[PDB]
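Starting off, we have a lone chain in the form deposited in one PDB entry, written out as structure tokens.
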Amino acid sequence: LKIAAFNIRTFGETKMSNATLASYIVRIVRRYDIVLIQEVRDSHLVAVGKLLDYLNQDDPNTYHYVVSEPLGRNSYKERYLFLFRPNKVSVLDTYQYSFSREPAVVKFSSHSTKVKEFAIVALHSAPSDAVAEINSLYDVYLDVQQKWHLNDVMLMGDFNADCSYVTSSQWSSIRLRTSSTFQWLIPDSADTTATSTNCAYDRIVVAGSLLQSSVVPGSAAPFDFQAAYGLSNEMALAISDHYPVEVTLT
């Protein structure tokens, strides 16, 4: 089971409109069984619909999705979009959890893996308030545990956990980090941006031993579509300034 969290810079009607960009986006999503897409600025699900038309042109049940409402304090809004292969997994529940874009949490049943039921917390943090936000994920964690009696939780997204947004000294005041409950599959040494900058913005965190035991070592990593598709830096950036981070459960 392959899972990915992908921040697609301003996914919307414009981006999905360009048959080329769309082609690539589609190709990327298809690698996965469950993919979280962030930075969905689609008031009307017009772009999300385009995507699903492509994904499901050969069959209408290749992919189902769960999308959250537009999240944001003022006029700027983003949605959390969960795309999934209905034949490998099913939603058992979902809920909207201090945060700019409050985490959307989804619960999945997985028949084909060691771990059977697990939750995914999605987070696209605010750059300027990343520290506060990654730390609050500790609360969300506790929240999920209380509600669902579930220990197996994968927390992933464009957490902005590096460079200017989370410094070396700042990591100590982040509970999701200091707690040995959590294993950070994407190290601070990974490069997850398509730009020149070398930062580990996108991450995947896992709690619970069933899950932790279901992760295939050496499987979690950024997915550099530039290199994989021998795309030009300009083409690459046109798709997104971030790379998908992925993992494989067994």
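C-alpha atoms forming the largest set that superposes within 1.5 Å between two forms make up the rigid core. Start at 1 and count along the sequence shown; that's the residue number.
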- Message: Between 66 to 74 and 209 to 217, which has its CA atoms farther from the current form in 8 other deposited structures of this protein, using a rigid core superposition?
- Response: 66 to 74
- Per the entry, how many deposited residues between residue 97 and residue 98 lack coordinates? The answer is 10 or more
- So which stretch wins on mean C-alpha B-factor, 53 to 61 or 209 to 217? 53 to 61
- Task: Select between 123 to 131 and 109 to 117 the stretch whose C-alpha atoms have the higher average B-factor in the entry.
- Result: 109 to 117
- Task: Would you mind checking which of 144, 155, 91, 81 has the top Cα temperature factor in the PDB entry?
- Result: 144
- Message: Looking at the C-alpha B-factor values in the deposited entry, which of 68, 192, 196, 38 comes out highest?
- Response: 196
- Query: Relative to the other modelled residues in the chain, which third contains the C-alpha temperature factor of residue 174: lowest, middle or highest?
  - Reply: middle
- With respect to C-alpha B-factor, does residue 202 fall in the lowest, middle or highest third of the chain as deposited? lowest
- Item | Modelled-residue ranking by C-alpha temperature factor, third containing residue 151 | middle
- Would you check the entry's CA temperature factor for residue 166 and let me know if it's in the chain's lowest, middle or highest third? highest
- Lowest, middle or highest third: where is residue 25 by C-alpha B factor in its chain? lowest
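Quick note: we don't show the form solved in complex with a partner chain, though the next part is all about it.
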- Would the partner chain in the deposited complex be within 4.5 angstroms of a non-hydrogen atom of every residue among 45, 52 and 69? yes
- Considering the partner chain in the deposited complex, find the one stretch among 58 to 66, 193 to 201, 218 to 226, 22 to 30 with heavy atoms no farther than 4.5 Å from it. 58 to 66
- Query: With a 4.5 Å heavy atom cut-off, would you call residue 14 a contact of the partner chain in the deposited complex?
  - Reply: yes
- Item | Partner contact for residue 94 in the deposited complex: the partner chain, 4.5 angstroms, heavy atom | yes
- Heavy atoms within 4.5 Å of the partner chain in the deposited complex: does residue 156 have any? no
- Heavy atom of residue 134 within 4.5 Å of the partner chain in the deposited complex: no
